[PDB]
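Residue numbers (the working numbering), protein chains in the order written: chain R, 122 to 674; chain E, 330 to 879; chain H, 36 to 587.
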Amino acid sequence: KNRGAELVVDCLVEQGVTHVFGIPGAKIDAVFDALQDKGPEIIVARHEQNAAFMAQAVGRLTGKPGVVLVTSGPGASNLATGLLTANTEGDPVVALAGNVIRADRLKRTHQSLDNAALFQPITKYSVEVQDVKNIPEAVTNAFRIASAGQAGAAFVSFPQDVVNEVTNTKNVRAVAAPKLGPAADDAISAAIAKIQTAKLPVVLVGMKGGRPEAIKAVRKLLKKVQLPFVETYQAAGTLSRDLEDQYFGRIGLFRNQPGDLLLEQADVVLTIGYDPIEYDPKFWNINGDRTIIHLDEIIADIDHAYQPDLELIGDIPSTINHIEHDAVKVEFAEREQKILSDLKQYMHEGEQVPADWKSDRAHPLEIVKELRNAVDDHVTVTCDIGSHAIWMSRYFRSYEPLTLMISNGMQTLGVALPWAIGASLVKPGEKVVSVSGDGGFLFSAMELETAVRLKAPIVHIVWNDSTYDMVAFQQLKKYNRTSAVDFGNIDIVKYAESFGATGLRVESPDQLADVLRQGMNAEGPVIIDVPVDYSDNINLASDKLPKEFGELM
Amino acid sequence: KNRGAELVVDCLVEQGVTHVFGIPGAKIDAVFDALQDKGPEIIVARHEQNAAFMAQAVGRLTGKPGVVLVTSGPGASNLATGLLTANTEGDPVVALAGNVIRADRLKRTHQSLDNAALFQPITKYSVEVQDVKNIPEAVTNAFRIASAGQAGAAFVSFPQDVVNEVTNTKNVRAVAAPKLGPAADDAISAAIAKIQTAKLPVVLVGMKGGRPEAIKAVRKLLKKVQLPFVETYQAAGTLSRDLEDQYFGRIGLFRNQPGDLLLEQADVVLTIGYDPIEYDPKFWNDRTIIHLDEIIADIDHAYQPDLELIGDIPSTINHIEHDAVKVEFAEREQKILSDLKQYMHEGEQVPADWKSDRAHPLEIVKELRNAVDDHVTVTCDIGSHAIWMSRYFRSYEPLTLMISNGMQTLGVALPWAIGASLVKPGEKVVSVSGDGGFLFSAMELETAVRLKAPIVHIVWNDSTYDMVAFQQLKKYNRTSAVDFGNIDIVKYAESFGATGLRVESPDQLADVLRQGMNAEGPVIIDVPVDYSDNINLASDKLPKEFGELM
Amino acid sequence: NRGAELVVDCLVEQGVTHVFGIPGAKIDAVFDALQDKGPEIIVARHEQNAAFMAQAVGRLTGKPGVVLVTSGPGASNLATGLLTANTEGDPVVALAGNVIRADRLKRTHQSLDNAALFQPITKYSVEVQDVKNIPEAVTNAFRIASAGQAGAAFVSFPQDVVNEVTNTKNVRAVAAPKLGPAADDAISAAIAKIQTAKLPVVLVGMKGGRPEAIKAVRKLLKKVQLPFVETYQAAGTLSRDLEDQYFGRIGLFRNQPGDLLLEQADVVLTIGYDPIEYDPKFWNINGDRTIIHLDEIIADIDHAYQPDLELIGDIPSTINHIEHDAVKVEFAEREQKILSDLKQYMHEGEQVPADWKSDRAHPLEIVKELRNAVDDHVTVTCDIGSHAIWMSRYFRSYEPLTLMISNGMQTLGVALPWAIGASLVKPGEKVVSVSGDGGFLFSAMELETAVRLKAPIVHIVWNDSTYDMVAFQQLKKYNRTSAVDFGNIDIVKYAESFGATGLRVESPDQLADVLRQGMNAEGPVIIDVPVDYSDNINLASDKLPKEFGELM
Ligand SMILES: Cc1ncc(C[n+]2csc(CCOP(=O)(O)OP(=O)(O)O)c2C)c(N)n1
Ligand SMILES: Cc1ncc(C[n+]2csc(CCOP(=O)(O)OP(=O)(O)O)c2C)c(N)n1
Ligand SMILES: Cc1ncc(C[n+]2csc(CCOP(=O)(O)OP(=O)(O)O)c2C)c(N)n1
Ligand SMILES: [Mg+2]
Ligand SMILES: [Mg+2]
Ligand SMILES: [Mg+2]
């Protein structure tokens, strides 16, 4: 027909977009109509929030922006949290929304608002197209800006008459966002010289160290040079089994981990793709001066606790390849060897169920271990936010890039199950596991109809506690009392069944391994009800370990 | 304790707030801690979206700002649509949110976000407090601005260190937002002269005509002067059983209603609390226009008032009422009223050729109306079911039919009914949605079960996003992205510990509804509906027919 | 019959007689269309001064001043102007070009997000994106600019929108409506609270200074015989008749007779008071008093401003309903002495010091000689600086809108362009403008406009060669000054280089003569007046409050 609506779909075609997540409405209608003619499969969502969470997951797993498409008013405003989360967690997303006609743009009329103004503080790019000719230009720049370091959200709004208008405007080439070269050579030399002269150099692998390419390079570096290392939560998957000896776990949330003590003992820290939002430098870069080398695709944020002595800004993996090429293996003096050894066995003992533990419910560590034993390396595991997620983020081993997905920017409740859906659409054929608590679960459980309608092979684990617990034990450590943390329990099994899904329940902690295998062998979506004992949770924020190791030294 | 958090709680005590809807988090948890000592009852929500909707319900039904309280980051950003909805539909709401400590406000850090900039476009008032001393001032101005005509949403954000900081700061008095006087008296006189000299003077009651005091005033005006009148959807309940004779239905959505032809035939139109968002003037609007409202009018190609009576709406109405006298109509205009009233009765009727194993929409509306007492509040969601409710479900009390008619936001029905039941203890509350919108906020059924709220939720079961579908069929002759698969509604209800009912055949409709009305605790009722008559809601038939009788 | 014509037609419907502007490419179609029909175009030398002029028209006529500019630097130069009007109750409408809609998101000459820039400093900031919407968007801009509280409205036109040919019809210029008075029972309440006061006082503020409000205020002050004070923008509330009940203009520093009056008051009635002129935390202090807020909009709650009664509605109507039903207050003995003492403190504070000697005029001598040289009805515009403090406290005004002060943003350089605006509003009358030397250069360029118009402006420069108001605050805080010194210029030959008339006061004794000589001159005249500023630190001095505190 050649409306503005067709120009939009043509862009999606040039961009190689396989799927569009959305919900139709009167203002964005022409575009949905034009998608009937061609373009990517439409995945109808049961909420624009979840549509955004789905696009985000696609962006994180593929490196090309996930696409979400919604109508005016509440269609658009329901995107806010989603885009915010994508934009602060390094995920390429492009959002396309409708608005009222240009003539009525300033009026009190149904579903009218300044779309671009709302999304301005929460995206890299937020625009509204006021001329049909401009559509291919605006859309193409949004894809590029979404993809360019640091990846985030782009939002593009269309008045209704703009996408309905007939025009002879030509499309433009989907010129892909270009790669940077590696960092300046002189900076790379300096960086190598500082690692070679260190008594205890260590690698801090961050958000953008967690991309597949970045991880491949990071592993060659760690293997050649033999550096100890830690991961941020979104760097999970850096580990391989033959790096386990050099691995000191995941830093974050509370300063009481072996990784923290290691970074403390370090005189040189090399950070890679490090976005401080995952764990503020004021928690780890303390207690003594210490050289900081910042390896990233964008310049560093200066902070009282973060003043890099060296910045290597360029393409992350290739910059790493250049350091790797000219570094050599680091020898550790006796003192540092013993520090490393001691940290390693504090790390080991942390991963164990307390010896005087007895219960009629599973311990969190038992859930974590059993889950890890029932799931092959290649399977993507998505995680929600809560105490369950602390246990997962610290103790759930991951061995491949993009196989453990955590929301460690906004810490947005409800991402797991929708993320699992997006993952299954990117990895057709594979099982996708999603893990949540019972609080965050109802934030997005509605999208179980999408999963069933798609016959997605998703396995969702609900940690059953019956409170907002991560908030509860923090309230106990601050005020020795809780507030607004309690809610009623629902029948998770019958909930799943009412959707046409499958419900299982761990009725005793010894059925855990069995019920898990069963979910994995099931056809279509499964929800698994797991009673958990959270009485150990308060110890997640303990200072015992920093204190013990303190008197060691 | 004299933290900033206590200063906040004290404002809520001073303001007479009985419920705060919320979800706790680290940056805001000091205010939640302070609520353990004194202050209103915390209602824990399963989604900040839904806490916002409930606060909207409280605001619409009491005139006092509803209060929602949330944490930083996604806690705040999840309020967006809620406050947008409230802000455009006339409901006083106060939102309170956390943010990161002042010193880290500029950094990439967990749950950080320029809160105030995000709500700037979608509220009357959006601010972040940067000094603990300023807390009582910023909160007290928020309540005032939320309530002041035209009522809307107010947003206040608090850095973590500001609510945790110990302080000597004094509270301020909750100075009530003041009412205006009536409109200028020479303006009132002018309007009385326009009505008394018109051939067919008519009243259009709008959004802010649906406040209880405005309705009581409007009824006296209608009865005394015997003017015909029409309702926007949010002015539902202006009608009294007494006034059914002068009543010409609800205007909205498509121009093809008896009310539309009436407004067209009128030489004078008195609009009361008319927010054009409910129905753009370019659809119903030569003739004289008298704009009566608590704020000045927006000028539009199709809306240029000859008279503006700006002041307190009920005051101004009374003044007009006091000095106006009965209008009597020439025979020409009586015939017009007779005909329009007749077209109106035909439209309210199930078509003659209708055959179906599912209920017609009108049969749901009729049985619902016949099963619910006039005083029972009925909330409604968004979709094809709501076109039917908005046009054909009669309301006779103020605030007993609640419709989202500024932002048309899916999912408002069930959370509104929860807010409503906390505002009217001892009463049943009815809510109506389609199956699409039901899953937008059905999570909150846990909350209704937790409170043992006497809610009866009716689900119109179709299996599609239909209101989108038949507009699509009319524009392109094909649908797109409107199909989803259905769930077992009864089992969905039972899994939450609520009661689930199902109308298995159209004749069971009366009894099943009755059963729901007498049930204990929350009830969900599955009601299959036949929508194949839905595309005629946008039909041009009636204006074409009436065109040639003239 | 383009979009540009639609814009000119709206200006005609609003009764706009003058448009202050500077042309550019993106907006020039509108400038074209103004050749055919419309209001006179006054070419400015800087978009800042065009904005100031507009503000002046708005303040003086009650209908929006109009300013028209091009895209990019044309529009951005408007920022301080609209901001100042938007915080001082002045209706202004601004019209600006932008790039074509197709190139709106591009890096291209003079492209910027116009609406976003003006959102935080206007009541109303919009961009039209369809030619049809022009009559609507503009009409609402005039009404919103006018609707109380009055201020700045900004409309932006992408270039292709005003050049586009259309058959769109215009829209009626529906006047912004009036409110009625406050509600009866509230009026009753206010009268009752006043009746039972031992010392009720009136505070006249910003919107108490419109002509109709002043007419009603004067009747109320006369009938009930209440003492009153003024905010700076409430100048001209006073009449010669009312000098007896008058306790001066409050503001800037809490050390004036008006402050002490307010402090002793048990009931304060405020009239159209915008706190920006003087924070309530400065006067509403040592003890409690009842506050009655009378205004066209609800009050801002403050730690030091929590009204017991709000009278919201049209200000002159509400004042009238109070005047009609109130009877005279009669002060007891204790309060009469109080009022008497304060009145003498007031009178002593207006006199040049005893041991004053100087080769240059003392400020009060400038204030005095200028007041006596100028008819009551003549409009006097004032700039910002130490000279303005002297003007604002001590220069009497007896007619509405004859003393204009920037008391919201305290914007430098407003005087001279405000006087240009005044003279266009009041043809055939002298207009006097007063500035310091520093603020003079902020807008002195616009003298070319005044000469080009043969405007009868008489501009007085207080010459001391420093940014003094900053400097003495710096000394009272830090015992040292910073960045307050600049060179000076020959004001007389400055004026002459523009084809204007330049006069100089070579000695304080020829002050009356050089002033009278300026009043009789044809065309613009600038006057160089050397001043001695050594007294200036005593403006922020703390003695009067202390001395009176011991007198109690
Ligand atoms: C959208 C949103 N609202 C509020 C919060 C604050 N918050 C963090 S954890 C949490 C509770 C999660 O509870 P649950 O999912 O049951 O996990 P659990 O701690 O019990 O394992 C809340 C409310 C948040 N992170 N996101
Ligand atoms: C939050 C939001 N998303 C999308 C829309 C667009 N929209 C309007 S009606 C509608 C259909 C709702 O369907 P349903 O609840 O099943 O009611 P039905 O039409 O079937 O009666 C949609 C998607 C909207 N109004 N609000
Ligand atoms: C645009 C602007 N810049 C700076 C200031 C701060 N300021 C206030 S008074 C003042 C000094 C003005 O001095 P001048 O005009 O020479 O008059 P004087 O103080 O000498 O009497 C300054 C710089 C201001 N108010 N406005
Ligand atoms: Mg839980
Ligand atoms: Mg449906
Ligand atoms: Mg000076």
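Virtual Cβ for every residue (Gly too), placed ideally from N, Cα, C.
Relative to the non-hydrogen atoms of ligand 3, the Cβ of E/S762 never comes closer than 7 Å to any of them.
When Cβ-Cβ separations below 8 Å define contact, E/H651 makes no contact with chain H.
Under the three-state reduction of DSSP output, E/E560 falls in the strand class.
Listed by position along chain H, the residues whose Cβ is nearer than 9 Å to that of R/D131 form an empty set, because the closest Cβ is around 18 Å away.
Close to chain R, meaning a Cβ-Cβ distance shorter than 7 Å, is no residue of the segment 476–498 of chain H at all. When beta bridges are read from the DSSP output, H/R284 appears opposite H/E265. Taking 8 Å as the threshold, the shortest C-beta distance from H/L118 to chain E does not fall below it. For the segment 641–666 of chain R, the beta-carbon criterion of a distance under 7 Å to any beta-carbon of chain E is satisfied by none of its residues.
Nearest to R/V556 by alpha-carbon distance, out of R/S545, R/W540, R/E570, R/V547, is R/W540. Taking 8 Å as the cut-off, the Cβ atoms of H/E162 and H/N133 count as close. Taking a beta-carbon distance threshold of 8 Å, H/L152 does not count as an interface residue toward chain R.
Remark: the shortest separation between the CB of H/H397 and any heavy atom of ligand 3 does not fall under 7 Å. A contact between stretches requires three or more CB pairs, one per stretch, nearer than 8 Å, and the segment 402–413 of chain R fails this requirement with the segment 305–313 of chain R. Three or more Cβ pairs drawn from the segment 771–786 of chain E and the segment 839–859 of chain E lie within less than 8 Å of each other, which places the two stretches in contact.
Cβ contact annotation for E/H630 (same chain, cutoff 8 Å, sequence separation greater than five): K611, in chain order.
R/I611 places its beta carbon 8 Å or farther from that of E/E823. Set against 7 Å, the gap from the CB of E/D855 to the closest heavy atom of ligand 2 is not smaller. With a cutoff of 7 Å, H/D418 does not count as near ligand 6, since its C-beta is closer than that to no heavy atom of the ligand. Proximity of the beta carbon of R/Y400 to ligand 6 is not indicated: no heavy atom of the ligand is located closer than 7 Å. Note on the segment 280–343 of chain R: whole beta strand (DSSP E) runs with a minimum of 3 residues are 322–326, in chain order. For the options H/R80, H/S441, H/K403, H/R431, the alpha carbon positioned closest to that of H/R275 is the one of H/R431. For E/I618, the enclosing beta strand (DSSP E) covers residues 617–622. Taking 7 Å as the upper bound on Cβ-Cβ separation, chain E lies near residues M531, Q532, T533, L534 of the segment 528–553 of chain R. Listed along chain R are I398, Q532, each with a C-beta nearer than 7 Å to that of E/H439. Per DSSP, reduced to three states, the secondary structure at R/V248 is strand. Interface criterion met: the Cβ of H/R139 is under 8 Å from a Cβ in chain R. Not one heavy atom of ligand 3 sits closer than 7 Å to the Cβ of H/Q90.
Residues are counted here when their Cβ sits less than 7 Å from a Cβ of chain E; for the segment 348–380 of chain R the count is zero. For E/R843, the closest Cβ of chain R is not nearer than 8 Å.
Apart from sequence neighbours up to five positions away, the residues of its chain that approach E/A527 with a beta-carbon distance below 7 Å are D596, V597, ordered along the chain. When DSSP assignments are scanned along the segment 55–121 of chain H, the uninterrupted stretches of beta strand (DSSP E) that are 3 or more residues long and fall wholly within it turn out to be 75–78, 100–104. H/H338 has a beta carbon lying within less than 8 Å of a beta carbon in chain E. Sequence-ordered contacts of the segment 591–602 of chain R with chain E read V592, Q595, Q596, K599, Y600, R602 [C-beta pairs closer than 8 Å].
When distances are taken from the beta-carbon of E/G765 to the heavy atoms of ligand 5, the shortest one is below 7 Å. Of the candidates H/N290, H/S106, H/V564, H/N290 places its Cα closest to the Cα of H/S576.
Going by beta carbons, R/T192 and R/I149 fall inside the 8 Å limit.
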